[PDB]
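What follows is the residue order along each chain.
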Amino acid sequence: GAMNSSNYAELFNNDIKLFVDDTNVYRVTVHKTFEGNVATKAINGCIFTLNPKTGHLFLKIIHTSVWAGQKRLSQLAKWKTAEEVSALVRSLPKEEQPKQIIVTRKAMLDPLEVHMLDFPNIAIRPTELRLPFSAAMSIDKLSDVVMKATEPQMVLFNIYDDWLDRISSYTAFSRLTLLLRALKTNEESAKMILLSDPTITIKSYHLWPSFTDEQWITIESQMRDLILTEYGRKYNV
Amino acid sequence: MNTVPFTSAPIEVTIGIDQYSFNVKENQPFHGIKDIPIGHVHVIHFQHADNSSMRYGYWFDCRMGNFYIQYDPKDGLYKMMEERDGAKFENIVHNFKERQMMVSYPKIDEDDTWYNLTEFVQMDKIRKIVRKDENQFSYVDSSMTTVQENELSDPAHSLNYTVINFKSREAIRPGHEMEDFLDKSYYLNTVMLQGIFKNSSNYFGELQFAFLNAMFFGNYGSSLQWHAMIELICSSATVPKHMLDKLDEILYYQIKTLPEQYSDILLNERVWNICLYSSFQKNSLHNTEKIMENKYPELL
Ligand SMILES: CNCC(=O)N(C)c1ccccn1
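Analysis parameters
- Residues numbered from 1 in each chain as written, not as in the entry; some residues may be left out.
- Chains lettered and ligands numbered in written order.
- Heavy atoms only, no water.
- Residues with missing side-chain atoms left out of burial classes, pairs and counts.
- Helix = DSSP H or I, 4+ residues; strand = E, 2+ residues; numbered from the N terminus.
- Rg over C-alpha atoms; globule rule 2.2 N^0.38 Å.
- Buried < 20%, exposed > 50% of the residue type's maximum accessible area, 1.4 Å probe, protein only.
- Areas by Shrake-Rupley, 256 points an atom, 1.4 Å probe, with all protein chains shown as cover.
- Contact = heavy atoms within 4.5 Å.
- Buried area = accessible area lost by both parts, 1.4 Å probe.
- Salt bridge = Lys/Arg side-chain N within 4 Å of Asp/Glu carboxyl O.
- Polar contact = N/O pair within 3.5 Å; in protein donor to acceptor, adjacent residues only side chain to side chain.
- Patch = residues over 30% accessible without salt bridge, like charges linked within 9 Å, V, L, I, M, F, W, Y side chains within 5 Å.
- Near = heavy atom within 4 Å.
- Nonpolar A, V, L, I, M, F, W, Y, C, P; charged D, E, K, R; others polar.
- Pairing = 2+ DSSP bridges.
- Axes fitted to C-alpha atoms, helices over the stretch in contact; angles between N-to-C directions.
- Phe/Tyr/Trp six-rings, centres within 6.5 Å; stacked < 30°, edge-to-face > 60°.
- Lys NZ or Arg CZ within 6 Å of the ring centre and 35° of its normal.

Per the deposition metadata, X-ray crystallography was the technique used to determine this entry, at a resolution of 1.54 Å.

This is the structure in structure tokens:
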């Protein structure tokens, strides 16, 4: 059944599972035409498929050519997502295939279930959590590889960098979701927090800066402040 | 015109014959039903006064044998049986006829309701859905589950309707996932019509039989089957024009006949709203849409 606050630690047990987020698959800019009508222009997108225990991110880049000559693109995007997730699963050795796939949006349930009919033992689940994975394109290195792609491409990342050498996967996921929630609520502020101190750099093979344990506590506090504030600024409190 | 005699009526019971019904009192000198139209299947059905639980009954065709009803005090129900001695049967019926204890199947001459509800229903197909090969007639009751319900527990007593499942490998061609799920024409026309049912008449017959078991016995799995077979047609973009026209007539007469007060349980809101207002065939069921809107606008 659905994943929620009550069964949260299940994410960090030893049953392989993946989150799939489709919110950045079909992306457009909306603009005026010379005749003064409105049109859209697609830009490259991505499927966000994440193992929350290990941090392994399977970033399937969706190049705009996949939309050429197609209709009802927002519907197609869900089915394209499910096609690519099913292909990923089939590409993995049996012992690496997930036992559950959790979709962040309920409209992915039927597309994914249908594409995974060959895998009756893989549970496809929704979630009641409001996860901030749409903000993945606010991570500079992820946005860069998506925007530069000239063809369909899969790129592999660990979204936890080396954090698991020092913290558990529960704590790493909590840090990830805090960072992403902040980037979603106020991207400029969030990014200012992460980079204000030029002596803390991002390793070439990492996504986030090389904070010490003590610096992560300061950073994490600053992201909470931001979120509560924006929550005031937004609601006036 | 054929006859189904009753040995007696030892317990108070409401007796149905097709869309008609009589309340028989405990030990009411009553001895069966005459003037039953030849050429159609028929259903004789029962609800005891002391236990409105379990409606049950028998599908039959008088061309296939001489059938009668006899109460069994051990099993506690009215049982259909075949009389193989034809002279014994004619003699019984004639005596019963002279005693004026046999009700006359009360068909109005103008009235094509039963034909319209059973147009494609054949006894031979009923007997493959309801498996009990030593009898020529078929028992159904309120509690019997379908083969598909059992999958999700006694198989001898199951309704072996054709399994329809929209999220199944049978329904979905590898590589056409989105196409086959959003437009079920492949599944309707190739898998089901050409493959399993062979023709639309057999498909409609199973649909009509499922409705009738839903209506007369409150059989929940039958209701599920009826709606699935409707939904499979309505969710196909490509349906033969003769099938859509016949479907509209079939459904019109089903909706017309349904008891006004059972609509809440026998009609699935999602399927009907999808079929009449969203599906590919939303504009192909004019008669059905008009009667639904005028009789059950709440559901919609
Ligand atoms: C529901 N009446 C059953 C019936 O036809 N019979 C028993 C009868 C007919 C005429 C007068 C009395 N009984």
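Draft legend 1. The arrangement of the overall build of chain A in detail. Each helix and strand in chain A was counted, giving six helices and eight strands. Starting at the N terminus and ending at the C terminus, chain A contains elements arranged as β-β-β-β-β-α-β-α-β-α-β-α-α-α. Over its C-alpha trace chain A gives a radius of gyration of 19 Å, about what one expects of a compact globule, namely 18 Å for 237 residues. With the C-alpha coordinates aligned to their principal axes, the bounding extent of chain A is approximately 55 × 50 × 40 Å. Put simply, chain A has 237 residues, and 47% of those count as buried. Working note: accessible area of chain A is about 12500 Å², and carbon and sulfur atoms make up 52% of it.

Draft legend 2. View of the interface of chain B and chain A. Listed as interface residues are eight residues of chain B and, on the opposing side, nine residues of chain A. The contact between chain B and chain A buries some 890 Å² in all, and 68% of this surface belongs to carbon and sulfur atoms. When the area that chain B buries against chain A is broken down by residue, the three leading residues are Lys167, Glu177 and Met178 of chain B, summing to 60%. Viewed at the interface, chain A and chain B are joined by three salt bridges. Residues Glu113 of chain A and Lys167 of chain B are paired through a salt bridge, measuring 2.7 Å at the closest nitrogen-oxygen approach. Scanning the region where chain B abuts chain A turns up three residue pairs in polar contact.

Draft legend 3. Representation of a nonpolar patch on the surface within the structure. All names here are of chain A. Residues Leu228, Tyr231, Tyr235 and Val237 make up a contiguous nonpolar surface patch of roughly 520 Å² in combined accessible area. Note on placement: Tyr235 falls in helix 6 (residues 213–235). Judged by its relative accessible area of 46%, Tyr235 falls in the partly exposed class.

Draft legend 4. Inspection of the site of the ligand at higher detail. All names here are of chain B. Every residue close to the ligand is listed here: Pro29, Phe30, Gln100, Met101, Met102 and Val103. Protein chains shield 54% of the accessible area of the ligand, which is 350 Å² for the free molecule. Of the residues belonging to the shell around the ligand, the class tally is five nonpolar, one polar and no charged.

Draft legend 5. Main features of the environment of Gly65 of chain B. When you line up the elements, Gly65 of chain B lands in the loop between strand 6 (56–60) and strand 7 (67–72). In the structure, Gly65 of chain B is positioned 72 residues away from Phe137 of chain B in sequence and 9.2 Å away in space, judged by C-alpha atoms.

Draft legend 6. View of the sheet that holds strand 1 (residues 17–21) of chain A. All names here are of chain A. Taken together, the six strands give an open sheet; going across it, the order is 7-6-1-4-5-8, and neighbouring strands pair in mixed fashion. Strand pairing shows two members of the sheet lacking a second neighbour, strand 7 (123–125) and strand 8 (153–158), which therefore form its edges. Here the strands of the sheet are splayed against their neighbours by 20° on average, with no regard to which way each runs. Judged from the six bridges that link them, strand 4 (residues 45–50) and strand 5 (residues 56–62) form a sheet pairing that is antiparallel. Residue pairing in the sheet places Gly45 in a bridge with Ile62 of strand 5.

Draft legend 7. Spatial organisation of unusual backbone geometry. All names here are of chain B. Positioned with a positive phi, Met54 is a non-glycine residue whose angle comes to about 60°. Along the chain, the position of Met54 falls in the loop between strand 5 (42–48) and strand 6. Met54 sits in the partly exposed class, given a relative accessible area of 36%. Backbone geometry places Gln100, a non-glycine residue, at a positive phi of 55°.

Draft legend 8. The arrangement of the packing of aromatic side chains in detail. Residues and elements named next belong to chain B. Scanning all chains against the criterion turns up 40 aromatic pairs over all chains. Each ring, one from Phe166 and one from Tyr187, has its centre 6.4 Å from the other, and the planes form 85°; the classification is edge-to-face. Taken as a pair, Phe166 in the loop between helix 4 (147–151) and helix 5 (177–182) and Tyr187 in helix 6 (residues 185–197) lie far apart in primary sequence, 21 residues in all. One exposure class covers both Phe166 and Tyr187, and it is buried. Ring-pair connections join several aromatic residues into one group, and the members of that group are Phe6, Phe30, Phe46, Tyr56, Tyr58, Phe60, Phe67, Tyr71, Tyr78, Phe137 and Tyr139. Positioned over the ring face of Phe181 is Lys184, at 4.2 Å from the centre of the ring.

Draft legend 9. Examining the side chain of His63 of chain A more closely. Residues and elements named next belong to chain A. Checked against the element boundaries, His63 lands in the loop between strand 5 and helix 1 (73–91). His63 sits in the buried class, given a relative accessible area of 15%. With sequence-adjacent residues up to four places away left out, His63 is seen in contact with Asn44, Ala149, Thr150, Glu151 and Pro152.

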